[PDB]
Every structure is written in structure tokens, then in C-alpha cells.
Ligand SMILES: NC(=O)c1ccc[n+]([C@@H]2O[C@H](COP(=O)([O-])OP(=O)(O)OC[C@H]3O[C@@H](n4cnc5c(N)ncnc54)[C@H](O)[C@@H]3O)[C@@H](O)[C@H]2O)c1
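Next up: a single chain in C-alpha cells, the form solved without ligand NAD.
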């Protein structure tokens, strides 16, 4: 998939691995790069524009926790200006098991709602042109870091949801795949809260094992996008890009 002249919407582009992914994306000569984030980041925005002035970069304040009606309102405005949107990247996320409700609302519910909102413009059943959805999940969605069970569980949910989205492609015209980074040194400062404080040294311990750089992840992130494989479960761990096969324990046959 050629990203040249493509219109992309990136939710939470200015955070964590999102920034390094954004840096790589803008280098691909996109036509429009729409960033939707809850918090304004003038510095990051300035850097991106400086990387490739050719790309039209616009920022819109967006809280993934708002109702679907709210998201449809904002998306309508964007589709009105761009006419078309080729890819949507859902990258909102939080890691803090002391915030149970918020973790689920941001990592799981918000992703599902934003996806549900855009389907209103992309659903081929409604005469839409279809589209592509790239969901940023996590390797914890495969096998949890049991010390942060809520975060891990919310990610397992998105890995499943994304897998389902891909299977619905023939009906909606919307393809999808998940991007699952392993442990990376992207969160500016490492120190997250474990559920019921079962392990206050989780960050410290995790960093005691092989990790990957934020840049290594960003580059593989774009490579996965260009691969454009519907239903792919991409694992971005230790600087490599690999598609894992989901084990089949049960089938619905439909």
C-alpha cells in the first residue's frame, strides 16, 4: 500500500509510540494528516510540520471517552473538508491499573466507539467507499502482564475486536489489523501503577529484560501499515515485525 497522497486520521498521534510513528508517517508524503488528541502539544506539532511541510497537518481536540454521537459530529466535519479518509489509526491508551474505569473507557470502549462512528461514513452497505483501520493494541493482549491485569485485559479485548472487524470486511468494506508493540522505551517516564499494588516495581522489572527503541517500533509500525494485510495481528517486539497466528479453540461456523 502506497501512502503517497493518502488522507490519514490518527487518534493519539502525539503520545508514546504514536509520536515516533507519526514522524515516520509524515515522511511518506501524505496529503492530509489529521491528529485527534485530548491534549494539545504545540512542540510535537511544530516538529511534524517541519519534517515534511508538503503534508497538510491539522489537529482537532478529541476525547475518546465522548459518546459516539459526539465522535460522529467531529468526523462529519473532517470528511466534509477531506471528502475522503483512507486510514484511521486508533492509538489512544493509558496504563494505570489504579484507574480501572478510565483504563477500560480509553483502551477498549473508546476504540470501539470511534470505530463505530467512522463506519457511518465508510460502510459499503450505506454506499460508503470502505476503509482501513489500524488498531494499536499491545502484546499484553496476547499474554498479560498479570501485575497490570486491567490494562492487559483491555488490550486482549481490542485484539479480539480487531480480529472481528477483519472478518466483517466483506460486509462493511472496512479492513482492519492490529499493531501490538512489545516493551518499548517510549513512555517518557517509567512508573505505572499495578492493580491493588501487587507489584510496585513492574516498570523497573520490565526494563530489566530485552526491549526495543521507540524508533524501531515506529519504523515497523509504518511497515505494517504499508503491508496492508487485513486481519493481520502484528507483533512489534525487539525491533522486529512479525504476524502471529491466533489459536483456534472454538469456531462459530458463521
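Positions refer to the first chain, counted from 1.
Absent from the display: the form deposited with ligand NAD bound. The rest refers to it.
- Only one segment in the set 159 to 167, 116 to 124, 69 to 77, 136 to 144 has any non-hydrogen atom within 4.5 angstroms of ligand NAD in the deposited complex, and it is 136 to 144.
- For the candidate set 49, 38, 223, 229, a heavy atom within 4.5 Å of ligand NAD in the deposited complex is found for exactly one residue, namely 38.
- For the residues 153, 174, 92, 85, the 4.5 Å heavy atom test against ligand NAD in the deposited complex is passed only by 92.
- For the candidate spot formed by 12, 18 and 102, every residue has a non-hydrogen atom within 4.5 angstroms of ligand NAD in the deposited complex.
- Residue 58 falls outside the set of residues with a heavy atom inside 4.5 Å of ligand NAD in the deposited complex.
- Ligand NAD in the deposited complex comes within 4.5 Å of a heavy atom belonging to residue 186.
- Using a 4.5 angstroms limit between non-hydrogen atoms, residue 63 touches ligand NAD in the deposited complex.
- Using a 4.5 angstroms threshold between heavy atoms, residue 131 stays clear of ligand NAD in the deposited complex.
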